[PDB]
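Both counts, for ligands and for their atoms, begin at 1 and track the order of listing. The figures here come from the full heavy-atom set of this structure, side chains too, leaving out hydrogens, waters and symmetry mates. The chains referred to below are lettered A, B, ... by the order of the sequence lines, with proteins before strands, and numbering in each begins at 1.
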Amino acid sequence: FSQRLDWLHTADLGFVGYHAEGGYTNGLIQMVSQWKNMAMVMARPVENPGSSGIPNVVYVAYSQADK
Amino acid sequence: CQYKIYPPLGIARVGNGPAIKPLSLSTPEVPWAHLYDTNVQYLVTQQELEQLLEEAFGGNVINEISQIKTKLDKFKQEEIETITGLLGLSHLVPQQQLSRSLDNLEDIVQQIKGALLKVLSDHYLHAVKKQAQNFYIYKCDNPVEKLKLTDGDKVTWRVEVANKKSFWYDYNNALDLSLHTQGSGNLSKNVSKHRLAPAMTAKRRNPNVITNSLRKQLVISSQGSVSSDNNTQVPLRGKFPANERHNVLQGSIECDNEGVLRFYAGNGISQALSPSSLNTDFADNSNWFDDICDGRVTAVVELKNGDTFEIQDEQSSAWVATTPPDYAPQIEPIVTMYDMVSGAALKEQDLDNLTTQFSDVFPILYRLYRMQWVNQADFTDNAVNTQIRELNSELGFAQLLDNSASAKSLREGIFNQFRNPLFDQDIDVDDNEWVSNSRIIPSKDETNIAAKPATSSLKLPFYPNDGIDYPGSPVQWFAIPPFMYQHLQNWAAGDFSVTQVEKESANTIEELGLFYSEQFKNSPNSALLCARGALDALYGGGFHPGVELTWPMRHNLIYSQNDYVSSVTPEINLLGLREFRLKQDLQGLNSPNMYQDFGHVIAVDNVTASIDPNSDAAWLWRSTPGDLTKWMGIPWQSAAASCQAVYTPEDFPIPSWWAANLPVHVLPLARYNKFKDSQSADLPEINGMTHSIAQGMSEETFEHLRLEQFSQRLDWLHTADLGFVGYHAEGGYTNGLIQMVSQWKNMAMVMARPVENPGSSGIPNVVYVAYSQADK
Ligand SMILES: [Mg+2]
């Protein structure tokens, strides 16, 4: 529950691959095509959290690279 | 063996001009035929567009345009696309723009023939005309006589092409540089033997596509057939990725009533699958495709009586390859692809048995001399070209045709300025490593440690070469190949012959040039002339990778046949005429080796294995469609933009790669218009000056201004906007590669133009002027 991912890493914004440059400017350029693949946050249930400390309603980011 | 195709290796060049005869060019079928033709038009002119349009208005058309004049007494969908077609022109411009051209209207013939001339000129005005190859069927006994069709007869041509650039390996350098050999006419054994420019391993292009099955998608392919009984043009259209997805016009084919095949290349369109995928490398850019092609040309001759002759063997069939445009068609490379064919069949160790006529050496001097129109070093910094000018000054050029001792010192003094392709001069040996003591071409990655001062002069020509990657290698710089160097040494020593009629036309280099030109024009073997003419405009070095083709061409193993047959004329060799043919996979596009490779890398080890024809690798030399061009840069525009100058710390001379076909320094139109007029002209503007100013100055001064203008040469890369235009424009190498994809079609085109009265200015009667929209 505690592992949070950079939203800019939810799709390929220029940082993927051996020696990908990544960086600010490649993110601007790649977003033109990749905006439609960025993660989409949506409320989802945890039906029996028990004593874990996870709330019954979580907000989860959905993308394809995201799993 | 009864019928054969010529040329054996046809060449077609891409252009955005249309694929029609009046507005296209033809690959040379005779060497040197038009070197001084001052009426050439290698870009589509307004005149050609008007005469094209007038013909389409012949002549029914006005009849039936006045048969429409009455029933308007705007247009409308139905009378739009009836006028449309009639004028046969949607094969030139999309029907829609043709229609919204007239949809938008308000002598009726003229505003039709006027609104449509505006759409034609926007599409094609100043367009790079395509250079198409004519293929001919010849009869044999050995060719003599074209084919002549009788009524009941028919020829059917077939063509299969492919582009495998995106499928193939990175181009780092020529792999044959480390291949063990006894030496050929094109490459000395010293290069490999002494490791002067080691061949480098090369990884795959588009490496993220894995498995041979999926990599087949990286190969673009197409095929078509045309006959003598129908001159309708057939497109050669493939798709990328192969069978999202873009259509790629690889070429167009046509057959006329007489049985001659005309091959047009593509429109020069290169593109990446994503706009953000930029082509920043000179050769290896993944995610890109271009419309370059090469393939297999076959035919079937079917007669009246039903006797069918099939031309599909390798000794009788032909090949075709498309290439970038020639931006200076009348300026020949110093060493051509034909020269590599000629040298491929020769052994280095047997060059002492070669025999030389002066016509064998003249082309080197003549070509190097005419390099002055495309390269500054050869205009201002080439001691041999200046000495030739001195000879012409005195009508004394014939002295170089003198084989006697009286002329030895003169012939030697020139011969000795030329680089030796043994690559064993101007070196000091470490320990063994051969290190040049002449001027090196440094890498861009600098080391702030003082250079070792050169002790030997820089030899000719001043061009980089296949070993440019290695500072201090003698192979960083280009040498004419061993067999032509042999010709030049024989000439220097006096072991050469020449006829008296040649001496009598040799007062200047130009006088002897047109004599040798007429020899070609009156040579009787049109078949072999057409085979040579197809390759004589192509470069034959250096290969990094080159412009049109690359290093596999310099090896005899790529040819199934390569034999000398004849002098150009009985007494005048002029480097000879040869019968040559490529090794071909008779299955073509359906060959099991159409998609062969060597795994994760290619290396010289693979080429070594490919020598043995029994090997798993011998397929390398048995070309399937796409095999000749796959080595070249993808897209070709980045390679061309990289095929320019390579600057040294020393300013002069400026090294240039392949300036005969991709010029480096040109004479713009704008300068031509400032020196073509004589002071006598009766114009309000004379050479860019008012009538009053031009005629008020002394004649001395007028002529000096003419030659000052003539001497202003422009960087070819500055003839269109390649990223250097505008306030705080970055310019630079990489923006050139990127912008050439769109700007190749606006680059200046060099063409011969006249100077009616040069007077005493020093300007020649024939100049070669670079035309572009920027420089006008
Ligand atoms: Mg040229």
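Take the Mg ion (ligand 1) as the corner point: the lines to OD1 of B:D326 and to O of B:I331 open at 160°, to the nearest 10 degrees. Here the angle centred on the Mg ion (ligand 1), running from OD1 of B:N661 over to O of B:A328, is 160°, rounded to 10°.
Ring geometry, B:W636 versus B:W744: the interplanar angle exceeds 60°, so the pair is classed perpendicular (tilted spans 30 to 60°).
Expressed to the nearest 0.5 Å, how far CD1 of B:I5 lies from OH of B:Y136 amounts to 13.5 Å. Summarising the geometry, atom CG belonging to B:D291 is positioned 5.5 Å from atom OG belonging to B:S270; distances are rounded to the nearest 0.5 Å.
The heavy-atom pair separating B:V741 from B:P635 by the smallest distance is CG2-CG, 4.2 Å.
At least one N, O or S atom of B:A660, from either the backbone or the side chain, sits less than 2.8 Å from the Mg ion (ligand 1).
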